[PDB]
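Here the structure comes first, spelled out in structure tokens, and everything after it is commentary.
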Amino acid sequence: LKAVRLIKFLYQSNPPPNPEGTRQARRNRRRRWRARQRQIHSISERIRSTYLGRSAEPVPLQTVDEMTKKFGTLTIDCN
Amino acid sequence: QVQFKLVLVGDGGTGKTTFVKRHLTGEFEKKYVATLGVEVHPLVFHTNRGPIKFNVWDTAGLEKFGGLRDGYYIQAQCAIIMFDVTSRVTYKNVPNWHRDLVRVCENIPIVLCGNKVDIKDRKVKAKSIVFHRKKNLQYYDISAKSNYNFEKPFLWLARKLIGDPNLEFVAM
Amino acid sequence: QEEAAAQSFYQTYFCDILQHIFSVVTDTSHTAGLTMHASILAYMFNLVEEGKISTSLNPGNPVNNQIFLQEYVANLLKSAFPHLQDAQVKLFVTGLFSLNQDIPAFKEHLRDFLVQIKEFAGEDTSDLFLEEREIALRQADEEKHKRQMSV
RNA sequence: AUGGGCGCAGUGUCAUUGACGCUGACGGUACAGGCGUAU
């Protein structure tokens, strides 16, 4: 649960790129590993921030008001 | 007794003769002796409701041997159209046979049968077999060699004739 | 692909091959194969048209094979089909040469000829639209010559 | 983020058990990684 343990577990599960093989092979593995490391770092920083991170107001920004305005727009027009 | 006039249409000995023989003897003919004019064969089935007789008029499918041709259809009580799924041309010829049959027989049950499906080389895919749809023909993939759906057309015709939808053929 | 024996084989077998192909085509029993007929005839005629067959097929006449072929085909069909009008055969052969690069149109032309041979047609050509079909054949041949020149 | 031509897995078109890709819950558990680079 503690941040240190989560970060250590995250960094443990990703094996470093294999230095064995050709230069270009190792370097392509390094590039992919670095991209995935940036992804991991972003996720870890998001966890570090807090455990909720976002408010639910984005939903009314997308659906609740987009439903309420047209709820007001409702018109009998007979029948 | 309890016999119906059945007319078989298609390319001569292209399965009609083979189909009739296979239902008659059970042997699967290999030679292709194109049928001459028509051959009338009794063909008996036994259903849960008794015997049934088909007066199958295996007609010649080659114009040179058509002979009386449409005259064979007079007083027909059921019709089995045939075509070889391995040759598209015999399929495109299907509408012509349907036209002639309906022209002579306006209101008769029609079974569209794709013969010798067993032969691996299938040209007329199941997707494109649609003429029966608009014409309201009852379709069947069959093969006189391996007997796939070997009985379905005759059973369907017997059900449509006697009127028993759940009627079933019996061994004896 | 084998040039050395090509001329010899042509001289040996070309007329025989055309005879048998036509005997088959005029037979309705083999209608389904017409595409292959169309596939091969158009080929051979093209070979005739470009003169890739170099030797004259008539030892008694060292003329370009094309005209000899036209007379031979006309004579053969007329002998086999005495009741046919000569203009019909002329038109049909002309189309054969004009249509050797349009397999669909070539096949429809063969089917038209097969329709004709089934009919004992008198001198009355009014129903035949020979002028209209000739105009269509001229247009097709014009497109064929344009295609050949564009190369 | 990018997808090359073939490892063939379903196949759409025609001359349809041949050819172009798409596509296949594929031959692929493969391969490609700007033109040193710290974007």
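We name chains A, B, ... following the order of the structure tokens; residues begin at 1 in each chain, and ligands are numbered from 1 as shown.
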- Can you list, as an NGL selection string, all residues belonging to chain B that DSSP tags as helix (DSSP H, G or I)? :B and (16-24 or 63-65 or 69-73 or 88-92 or 94-104 or 126-128 or 131-135 or 152-162)
Residues from last step as file, N, CA and C atoms, as a short mmCIF file (atom, residue, chain, number, x, y, z; two decimals), in the first residue's frame:
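Contents of result.cif, freshly written:
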```cif
data_model
loop_
_atom_site.label_atom_id
_atom_site.label_comp_id
_atom_site.auth_asym_id
_atom_site.auth_seq_id
_atom_site.Cartn_x
_atom_site.Cartn_y
_atom_site.Cartn_z
N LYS B 16 -29.13 -36.32 -62.41
CA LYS B 16 -30.51 -36.78 -62.42
C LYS B 16 -30.58 -38.29 -62.64
N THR B 17 -29.92 -38.77 -63.69
CA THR B 17 -29.84 -40.22 -63.90
C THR B 17 -29.09 -40.88 -62.75
N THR B 18 -27.97 -40.29 -62.33
CA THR B 18 -27.22 -40.86 -61.22
C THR B 18 -28.05 -40.86 -59.95
N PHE B 19 -28.77 -39.77 -59.69
CA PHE B 19 -29.58 -39.69 -58.48
C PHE B 19 -30.68 -40.74 -58.49
N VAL B 20 -31.36 -40.89 -59.63
CA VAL B 20 -32.43 -41.88 -59.73
C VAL B 20 -31.87 -43.28 -59.51
N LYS B 21 -30.75 -43.59 -60.15
CA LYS B 21 -30.16 -44.91 -59.97
C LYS B 21 -29.74 -45.13 -58.52
N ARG B 22 -29.13 -44.12 -57.91
CA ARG B 22 -28.64 -44.27 -56.54
C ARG B 22 -29.79 -44.53 -55.57
N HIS B 23 -30.90 -43.81 -55.74
CA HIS B 23 -32.09 -44.13 -54.96
C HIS B 23 -32.69 -45.47 -55.34
N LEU B 24 -32.43 -45.96 -56.56
CA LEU B 24 -33.01 -47.23 -56.98
C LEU B 24 -32.18 -48.41 -56.49
N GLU B 63 -29.95 -30.60 -74.98
CA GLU B 63 -30.90 -30.19 -76.01
C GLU B 63 -30.98 -31.22 -77.13
N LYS B 64 -29.83 -31.73 -77.57
CA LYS B 64 -29.83 -32.69 -78.66
C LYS B 64 -30.66 -33.91 -78.32
N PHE B 65 -30.80 -34.21 -77.03
CA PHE B 65 -31.57 -35.36 -76.56
C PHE B 65 -32.81 -34.94 -75.78
N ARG B 69 -39.17 -32.73 -74.64
CA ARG B 69 -38.80 -31.55 -73.84
C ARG B 69 -39.96 -31.19 -72.93
N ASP B 70 -40.51 -29.98 -73.00
CA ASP B 70 -41.49 -29.52 -72.02
C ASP B 70 -42.71 -30.42 -71.96
N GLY B 71 -42.98 -31.19 -73.01
CA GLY B 71 -44.12 -32.09 -72.98
C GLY B 71 -44.07 -33.05 -71.80
N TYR B 72 -42.87 -33.36 -71.32
CA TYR B 72 -42.74 -34.26 -70.18
C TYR B 72 -43.36 -33.66 -68.92
N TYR B 73 -43.40 -32.33 -68.83
CA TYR B 73 -43.87 -31.67 -67.62
C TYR B 73 -45.38 -31.73 -67.46
N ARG B 88 -20.55 -23.37 -62.72
CA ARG B 88 -21.46 -22.24 -62.61
C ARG B 88 -22.48 -22.22 -63.74
N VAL B 89 -22.08 -22.67 -64.93
CA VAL B 89 -22.96 -22.57 -66.09
C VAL B 89 -24.26 -23.33 -65.85
N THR B 90 -24.16 -24.54 -65.29
CA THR B 90 -25.38 -25.29 -65.00
C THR B 90 -26.24 -24.58 -63.97
N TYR B 91 -25.66 -23.63 -63.22
CA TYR B 91 -26.44 -22.82 -62.30
C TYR B 91 -27.14 -21.68 -63.03
N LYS B 92 -26.40 -20.94 -63.85
CA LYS B 92 -27.03 -19.89 -64.64
C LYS B 92 -28.14 -20.43 -65.52
N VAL B 94 -30.17 -22.52 -64.46
CA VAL B 94 -31.28 -22.84 -63.56
C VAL B 94 -32.50 -21.98 -63.84
N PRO B 95 -32.39 -20.65 -63.96
CA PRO B 95 -33.59 -19.85 -64.20
C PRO B 95 -34.36 -20.27 -65.44
N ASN B 96 -33.67 -20.70 -66.49
CA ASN B 96 -34.38 -21.15 -67.69
C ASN B 96 -35.24 -22.37 -67.39
N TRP B 97 -34.68 -23.34 -66.67
CA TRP B 97 -35.46 -24.52 -66.30
C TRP B 97 -36.64 -24.13 -65.41
N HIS B 98 -36.42 -23.22 -64.47
CA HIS B 98 -37.51 -22.79 -63.60
C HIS B 98 -38.61 -22.13 -64.42
N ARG B 99 -38.22 -21.28 -65.37
CA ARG B 99 -39.20 -20.63 -66.23
C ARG B 99 -40.03 -21.66 -66.98
N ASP B 100 -39.37 -22.60 -67.64
CA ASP B 100 -40.11 -23.60 -68.40
C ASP B 100 -41.04 -24.41 -67.51
N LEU B 101 -40.55 -24.80 -66.33
CA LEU B 101 -41.38 -25.60 -65.43
C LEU B 101 -42.59 -24.82 -64.96
N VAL B 102 -42.39 -23.60 -64.48
CA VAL B 102 -43.54 -22.84 -63.98
C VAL B 102 -44.49 -22.55 -65.13
N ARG B 103 -43.95 -22.31 -66.32
CA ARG B 103 -44.78 -22.03 -67.48
C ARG B 103 -45.70 -23.20 -67.77
N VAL B 104 -45.18 -24.42 -67.64
CA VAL B 104 -46.02 -25.60 -67.82
C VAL B 104 -46.77 -25.92 -66.53
N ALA B 126 -22.22 -21.58 -51.59
CA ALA B 126 -23.53 -21.52 -50.95
C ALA B 126 -24.06 -20.10 -50.86
N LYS B 127 -23.16 -19.11 -50.80
CA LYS B 127 -23.61 -17.73 -50.70
C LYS B 127 -24.43 -17.32 -51.92
N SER B 128 -23.98 -17.70 -53.12
CA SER B 128 -24.58 -17.18 -54.34
C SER B 128 -25.83 -17.94 -54.76
N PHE B 131 -31.55 -17.99 -56.13
CA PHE B 131 -32.74 -17.94 -56.98
C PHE B 131 -33.96 -18.51 -56.27
N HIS B 132 -33.77 -19.60 -55.52
CA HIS B 132 -34.88 -20.19 -54.78
C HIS B 132 -35.49 -19.17 -53.84
N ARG B 133 -34.69 -18.23 -53.35
CA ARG B 133 -35.18 -17.27 -52.36
C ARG B 133 -36.38 -16.53 -52.92
N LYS B 134 -36.16 -15.76 -53.99
CA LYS B 134 -37.25 -15.00 -54.58
C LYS B 134 -38.31 -15.94 -55.15
N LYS B 135 -37.88 -17.02 -55.81
CA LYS B 135 -38.88 -17.93 -56.35
C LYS B 135 -39.58 -18.76 -55.29
N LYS B 152 -33.32 -35.67 -48.17
CA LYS B 152 -34.04 -34.44 -47.83
C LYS B 152 -34.99 -33.99 -48.92
N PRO B 153 -34.61 -33.93 -50.20
CA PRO B 153 -35.56 -33.46 -51.22
C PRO B 153 -36.81 -34.32 -51.30
N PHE B 154 -36.66 -35.64 -51.35
CA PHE B 154 -37.83 -36.51 -51.45
C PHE B 154 -38.71 -36.40 -50.22
N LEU B 155 -38.11 -36.35 -49.03
CA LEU B 155 -38.90 -36.18 -47.82
C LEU B 155 -39.67 -34.87 -47.85
N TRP B 156 -39.01 -33.79 -48.26
CA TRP B 156 -39.69 -32.50 -48.33
C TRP B 156 -40.85 -32.54 -49.32
N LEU B 157 -40.63 -33.16 -50.48
CA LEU B 157 -41.70 -33.24 -51.47
C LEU B 157 -42.86 -34.07 -50.95
N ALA B 158 -42.57 -35.18 -50.28
CA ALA B 158 -43.64 -36.00 -49.73
C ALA B 158 -44.43 -35.23 -48.68
N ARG B 159 -43.73 -34.49 -47.81
CA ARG B 159 -44.43 -33.69 -46.81
C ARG B 159 -45.31 -32.65 -47.48
N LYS B 160 -44.80 -31.97 -48.50
CA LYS B 160 -45.57 -30.93 -49.16
C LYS B 160 -46.77 -31.51 -49.90
N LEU B 161 -46.64 -32.73 -50.42
CA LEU B 161 -47.73 -33.36 -51.15
C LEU B 161 -48.81 -33.87 -50.20
N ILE B 162 -48.45 -34.79 -49.31
CA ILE B 162 -49.44 -35.35 -48.40
C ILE B 162 -49.96 -34.29 -47.45
#
```
Determine, using only C-alpha atoms (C1' of nucleotides), which residues of chain A have any atom at most 10 Å from an atom of chain D, and tabulate each with its shortest atom pair and distance in Å to one decimal place, rows ordered by chain and then rising number, as a Markdown table.
```
| residue | atom | partner | partner_atom | distance |
| --- | --- | --- | --- | --- |
| A:24 | CA | D:33 | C1' | 9.1 |
| A:25 | CA | D:33 | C1' | 9.5 |
| A:27 | CA | D:33 | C1' | 8.8 |
| A:28 | CA | D:33 | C1' | 5.8 |
| A:29 | CA | D:33 | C1' | 9.0 |
| A:31 | CA | D:33 | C1' | 7.9 |
| A:32 | CA | D:33 | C1' | 8.5 |
```
Selection to disk with N, CA and C atoms, as a short mmCIF file (atom, residue, chain, number, x, y, z; two decimals), in the first residue's frame:
```cif
data_model
loop_
_atom_site.label_atom_id
_atom_site.label_comp_id
_atom_site.auth_asym_id
_atom_site.auth_seq_id
_atom_site.Cartn_x
_atom_site.Cartn_y
_atom_site.Cartn_z
N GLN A 24 22.08 -2.73 -32.88
CA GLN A 24 20.78 -2.21 -33.28
C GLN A 24 19.65 -2.91 -32.53
N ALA A 25 19.79 -4.22 -32.31
CA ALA A 25 18.79 -4.95 -31.54
C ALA A 25 18.70 -4.40 -30.12
N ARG A 27 19.55 -1.52 -29.09
CA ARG A 27 19.12 -0.12 -29.06
C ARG A 27 17.62 -0.01 -29.32
N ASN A 28 17.07 -0.87 -30.18
CA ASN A 28 15.63 -0.89 -30.37
C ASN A 28 14.91 -1.38 -29.12
N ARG A 29 15.45 -2.42 -28.48
CA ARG A 29 14.90 -2.85 -27.19
C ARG A 29 14.98 -1.72 -26.17
N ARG A 31 14.93 1.52 -26.77
CA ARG A 31 13.92 2.52 -27.10
C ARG A 31 12.53 2.08 -26.63
N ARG A 32 12.16 0.84 -26.94
CA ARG A 32 10.85 0.36 -26.50
C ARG A 32 10.75 0.32 -24.98
#
```
Listing only residues of chain B within 10 Å of chain D, what is the closest atom pair and its distance in Å (to one decimal) for each, using only C-alpha atoms (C1' of nucleotides), sorted by chain and residue number ascending, as a Markdown table?
```
| residue | atom | partner | partner_atom | distance |
| --- | --- | --- | --- | --- |
| B:88 | CA | D:16 | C1' | 9.9 |
| B:120 | CA | D:17 | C1' | 9.2 |
| B:121 | CA | D:17 | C1' | 6.8 |
| B:122 | CA | D:17 | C1' | 8.8 |
| B:123 | CA | D:16 | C1' | 7.8 |
| B:124 | CA | D:16 | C1' | 9.8 |
```
- Query: Please, which residues of chain C lie no more than 12 Å from chain D when the count uses only C-alpha atoms (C1' of nucleotides), and can they be set out as a ChimeraX atom specification?
  - Reply: /C:33-40,102-104,107
Write the residues of the preceding selection, restricted to N, CA and C atoms, as a compact mmCIF listing (two decimals), in the first residue's frame.
```txt
# COMPACT_ATOMS: atom_id res chain seq x y z
N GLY C 33 -17.93 -24.53 -72.15
CA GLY C 33 -16.52 -24.31 -72.42
C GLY C 33 -16.21 -23.11 -73.28
N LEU C 34 -17.23 -22.37 -73.70
CA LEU C 34 -17.03 -21.32 -74.69
C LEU C 34 -15.98 -20.31 -74.23
N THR C 35 -15.94 -20.02 -72.93
CA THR C 35 -14.95 -19.08 -72.43
C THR C 35 -13.54 -19.51 -72.82
N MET C 36 -13.22 -20.78 -72.60
CA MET C 36 -11.93 -21.29 -73.04
C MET C 36 -11.80 -21.16 -74.55
N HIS C 37 -12.86 -21.50 -75.28
CA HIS C 37 -12.85 -21.26 -76.71
C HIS C 37 -12.47 -19.81 -76.96
N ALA C 38 -13.28 -18.89 -76.42
CA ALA C 38 -12.96 -17.47 -76.55
C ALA C 38 -11.54 -17.19 -76.07
N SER C 39 -11.11 -17.87 -75.01
CA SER C 39 -9.77 -17.63 -74.49
C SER C 39 -8.71 -18.00 -75.52
N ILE C 40 -8.90 -19.10 -76.24
CA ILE C 40 -7.86 -19.56 -77.16
C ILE C 40 -8.01 -18.93 -78.54
N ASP C 102 -11.21 -8.48 -76.87
CA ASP C 102 -12.33 -8.26 -75.95
C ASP C 102 -12.99 -9.62 -75.72
N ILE C 103 -12.50 -10.34 -74.71
CA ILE C 103 -13.02 -11.68 -74.45
C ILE C 103 -14.52 -11.66 -74.19
N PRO C 104 -15.07 -10.74 -73.39
CA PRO C 104 -16.53 -10.72 -73.23
C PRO C 104 -17.26 -10.49 -74.54
N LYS C 107 -16.95 -13.49 -76.77
CA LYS C 107 -17.82 -14.59 -76.37
C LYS C 107 -19.26 -14.31 -76.77
```
- Could you pull the residues within 8 Å of residue 48 in chain B, counting only C-alpha atoms (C1' of nucleotides), minus those fewer than 6 positions along the same chain, as a ChimeraX atom specification? /B:167-170
Residues of chain C at most 9 Å from chain B: nearest atom pair and distance in Å, only C-alpha atoms, as JSON lines:
```
{"residue": "C:28", "atom": "CA", "partner": "B:63", "partner_atom": "CA", "distance": 7.7}
{"residue": "C:29", "atom": "CA", "partner": "B:62", "partner_atom": "CA", "distance": 6.6}
{"residue": "C:31", "atom": "CA", "partner": "B:89", "partner_atom": "CA", "distance": 8.8}
{"residue": "C:32", "atom": "CA", "partner": "B:89", "partner_atom": "CA", "distance": 5.9}
```
Now that the selection is made, can you save its residues with N, CA, C and O atoms as a PDB file, in the first residue's frame?
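Resulting contents of result_36.pdb:
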```pdb
ATOM      1  N   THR C  28     -23.807 -27.178 -79.322  1.00  0.00           N
ATOM      2  CA  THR C  28     -24.362 -26.597 -78.107  1.00  0.00           C
ATOM      3  C   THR C  28     -23.970 -27.391 -76.866  1.00  0.00           C
ATOM      4  O   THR C  28     -23.882 -26.824 -75.770  1.00  0.00           O
ATOM      5  N   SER C  29     -23.676 -28.683 -77.024  1.00  0.00           N
ATOM      6  CA  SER C  29     -23.407 -29.520 -75.860  1.00  0.00           C
ATOM      7  C   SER C  29     -22.208 -29.018 -75.073  1.00  0.00           C
ATOM      8  O   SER C  29     -22.106 -29.274 -73.868  1.00  0.00           O
ATOM      9  N   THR C  31     -21.338 -25.771 -74.742  1.00  0.00           N
ATOM     10  CA  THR C  31     -21.475 -24.332 -74.537  1.00  0.00           C
ATOM     11  C   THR C  31     -20.685 -23.856 -73.327  1.00  0.00           C
ATOM     12  O   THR C  31     -20.064 -22.792 -73.369  1.00  0.00           O
ATOM     13  N   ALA C  32     -20.693 -24.627 -72.241  1.00  0.00           N
ATOM     14  CA  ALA C  32     -20.055 -24.158 -71.015  1.00  0.00           C
ATOM     15  C   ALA C  32     -18.581 -23.839 -71.232  1.00  0.00           C
ATOM     16  O   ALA C  32     -18.036 -22.956 -70.562  1.00  0.00           O
TER      17      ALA C  32
END
```
